[PDB]
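No lab work stands behind these numbers, since they all come straight from the coordinates. All Cβ positions, even for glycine, are placed from backbone atoms using ideal geometry, and neighbour counts span all protein chains on display.
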Amino acid sequence: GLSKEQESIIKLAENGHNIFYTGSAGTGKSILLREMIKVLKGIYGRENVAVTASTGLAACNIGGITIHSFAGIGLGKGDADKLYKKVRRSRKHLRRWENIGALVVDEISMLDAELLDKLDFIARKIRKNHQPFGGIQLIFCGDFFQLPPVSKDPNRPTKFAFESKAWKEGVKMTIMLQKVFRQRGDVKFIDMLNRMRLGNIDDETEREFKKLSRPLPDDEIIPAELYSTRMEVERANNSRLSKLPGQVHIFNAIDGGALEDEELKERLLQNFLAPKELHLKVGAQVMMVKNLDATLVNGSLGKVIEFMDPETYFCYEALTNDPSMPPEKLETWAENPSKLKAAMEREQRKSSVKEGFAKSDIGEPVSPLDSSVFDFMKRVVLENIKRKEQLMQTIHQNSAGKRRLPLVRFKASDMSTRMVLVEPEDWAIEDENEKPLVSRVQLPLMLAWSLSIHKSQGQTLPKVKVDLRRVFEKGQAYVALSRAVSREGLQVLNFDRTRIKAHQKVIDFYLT
DNA sequence: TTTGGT
Ligand SMILES: Nc1ncnc2c1ncn2[C@@H]1O[C@H](COP(=O)(O)OP(=O)(O)O)[C@@H](O)[C@H]1O
Ligand code: ALF
Ligand SMILES: [Mg+2]
């Protein structure tokens, strides 16, 4: 049941008119966007609405890719003129600009004007036009009192989206939803959150937020944890991995390939987001960090089911697709593993580097599969003929020396679940000659119980812990505390009335 | 202290 106000903003997009809506955290913005994305596709075709957002996880909430990933601009720190020449040299991305009828963009507060103007320049010169965006309908979404775009230099403040040429050209009104939905039970809580949107903590709200520094109820509901910087996040994801039953599976990065520099080259190789050492467990929660295909993108969340190799997986897949299979078909690949590679790879320079990656030793023992992974056959009267359960296990044991890789179940935007075997991807910073300067093979997965407050923006975390220990940018404490649905579900550490203040540029916007 | 690429 969408609200009347939420429904009208959807209709309004039938105008073709650029619309920009807003309203404090958790008002239904990104939900109604989902249905407006349905009508904009029904107007220009599925393939011609660009559904993007500022951070790849926030993109998945509305079912789409990052603004950079759609645009083809990479990081887009380059010259306005430069990016355009890069986009036009990619058929996929060129004709993507040629053909789009809408650009939906959610969590706009983290878009920086400098980039919007670059995208405007690209949208025009490619679409051969001079309208606001080469005439693309803009749907803009968010709350500017939440996180601003990331200022690397904090003595060049990064010029929020509305400071741009392109915005003043194409946004000449703001709509504003006012009813709050996320916290909708805890009314005092909402008022407490609203006076945090501005920096108006009083003597009483502080005391009431400090009452929330108690411990979350301890049950099997694993709580989400939000911290300011990536260190405390990484630390709390391990503090949860250590608490999870089972051994860790260490995945060690493969690194090359230019001559001897080490003053920053490992400052370059810690600076990859691809840890030199990635630990996982069965039942862990991971998030993809590389755009890999249409529905498996940076910001997909998943839960590791067990670890397999290709061959042990090809068999496991067979059984999920025929869950009442005759047990004979298995023993043919169980006890005749020559004919398994027969049936498997009949289905169709960097290949050797990702070969030696995740290679168990020729003799290292092989922990058997979990009995969790056979619960799908566990819907019960007469004849249990899961000898098949033991059969798979024998197949798994043959992977001694083979390449064992985490089998993840991902739950997509539309809650469509999809299981993939996560091969390693590779990262590289390359020169003008593309030379092997600095390379790293690694799994494109991160643990996802904890999130930086930035990646936390967009999500609803019913049970959540918040540690405002290092909060630095304006809005950061608002975004974090505003994730929780109830005070019951919330725990807050290190409350500091003075590290909670609002950006002046934005109050100026909301009144000039 | 933070995001973003294939
Ligand atoms: N029409 C609605 N009625 C009831 N609850 C809603 C409605 N729309 C959204 N919600 C809930 O409120 C929360 C906020 O929705 P969302 O669109 O993410 O807010 P935000 O505006 O901050 O992006 C969501 O978790 C959603 O479950
Ligand atoms: F803008 Al939001 F949760 F998507 F506050
Ligand atoms: Mg939203």
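Here are the numbers for the structure shown:
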| read-out | value |
| --- | --- |
| All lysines inside 22 Å of A:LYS378 as judged from Cα atoms, apart from same-chain residues fewer than 8 positions distant | A:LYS303, A:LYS329, A:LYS386, A:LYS388, A:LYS411 |
| Whole-percent pair-distance distribution, where bins are 5 Å wide, for the alpha carbons of the stretch A:348-491 | 2, 6, 10, 11, 12, 12, 13, 12, 11, 7, 3, 1, 0, 0 |
| GluC sites (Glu not before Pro) within the stretch A:242-342: DSSP coil, no more than 15 neighbouring Cβ in 10 Å | A:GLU260, A:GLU262, A:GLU263, A:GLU266, A:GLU335 |
| Loop-resident sites, the stretch A:234-271, for trypsin sites (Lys or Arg not before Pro), counting at most 16 other Cβ within 10 Å (DSSP) | A:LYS243, A:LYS265 |
| Highest average packing first - A:40-48, A:28-36, Cβ atoms within 10 Å | A:28-36, A:40-48 |
| Order of A:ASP322, A:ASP467 - criterion: other Cβ atoms within 10 Å of each residue's Cβ, fewest first | A:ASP322, A:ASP467 |
| Packing-based exposure ordering (other Cβ within 10 Å, fewest first) of A:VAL39, A:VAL297 | A:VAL39, A:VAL297 |
| Partner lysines for A:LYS11 [C-alpha distance under 23 Å; skip if fewer than 8 residues away on the same chain] | A:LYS29, A:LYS38, A:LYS41, A:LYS172, A:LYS179 |
| Simple Cβ-charge dipole of chain A, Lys/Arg +1 and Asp/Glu -1, about Cα centre, in debye nearest 20 | 1340 debye |
| Two-site FRET efficiency, A:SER416 against A:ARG267, from Cβ-Cβ distance with R₀ of 35 Å, rounded to 0.05 | 0.30 |
| Residues A:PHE189, A:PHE121, sorted so that the one with the fewest Cβ neighbours within 10 Å comes first | A:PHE121, A:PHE189 |
